[PDB]
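# Observations on chain architecture
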Amino acid sequence: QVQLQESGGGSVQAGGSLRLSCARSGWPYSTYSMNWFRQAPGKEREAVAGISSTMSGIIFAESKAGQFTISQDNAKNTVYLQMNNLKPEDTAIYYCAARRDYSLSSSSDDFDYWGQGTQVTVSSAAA
């Protein structure tokens, strides 16, 4: 059975950083691509970043240079989302997803394997 195990979520102050991990196990294929998606309150699920077994990481979501980096550790079968300079609008449930096709796709319906989701809450600064 395929399992995508997420870790690293939680609360962050505005301007802070966070790194999410997604450990893949039971993967049955010689190739993959893996994505981070997020679902903000009241919004549709959107792709944040993607990486594959042959392609280096790319960021789908507009922000800056900047806010997001996707990386992987092949020996640990794990993919990561490094986040920086976080803002309140980055609050969301963050999901890891996987598929056999090693091109990069932002389409949620292309992914048949999903992590359970982890909440990231970015608090606001005084005003």
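Analysis parameters
Residues numbered from 1 in each chain as written, not as in the entry; some residues may be left out. Heavy atoms only, no water. Core = buried A, V, L, I, M, F, W, Y, C linked by side-chain atoms within 4.5 Å. Buried < 20%, exposed > 50% of the residue type's maximum accessible area, 1.4 Å probe, protein only. Helix = DSSP H or I, 4+ residues; strand = E, 2+ residues; numbered from the N terminus. Disulfide = S-S within 2.5 Å. Pairing = 2+ DSSP bridges.

- Structure determination for this PDB entry was carried out by X-ray crystallography, with a resolution of 1.500 Å recorded in the header.

## Digging into the nonpolar core
- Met34, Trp36, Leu81, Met83 and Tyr94 are the most contacted members of the largest nonpolar core, which totals 26 residues.
- Among the elements of the structure, β3 (18-25), β4 (33-39), β5 (46-52), β7 (68-73), β8 (78-83), β9 (92-99) and β11 (118-122) are those that each provide at least two residues to this core.
- Ranked by the residues each element gives to this core, the list is headed by β9, at four residues.
- Judged by nonpolar contacts, the second largest core, of five residues, contains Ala47, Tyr95, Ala97 and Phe111.

## Quick word on the state of the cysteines
- Under the definition given, this model contains one disulfide.
- Paired by a disulfide, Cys22 and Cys96 hold their sulfur atoms 2.0 Å apart. The sign of the S-S torsion, about -70°, decides the handedness of the disulfide formed by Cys22 and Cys96: left-handed. Of this pair, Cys22 sits in strand β3 while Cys96 sits in strand β9, and the two are 74 residues apart along the sequence.
- Take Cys22: its relative accessible area is 0%, and that puts it in the buried class.
- What makes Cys96 buried here is its relative accessible area of 0%.

## Overview of the pairing of β4
- Burial of β4 is extensive: six of the seven residues sit out of reach of the surface.
- As paired strands, β4 and β5 are joined by six bridges and run antiparallel to one another. Looking at β5, one finds that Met34 is bridged to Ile51.
- Here β4 pairs with β9 via seven bridges, running antiparallel. Looking at β9, one finds that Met34 is bridged to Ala98.

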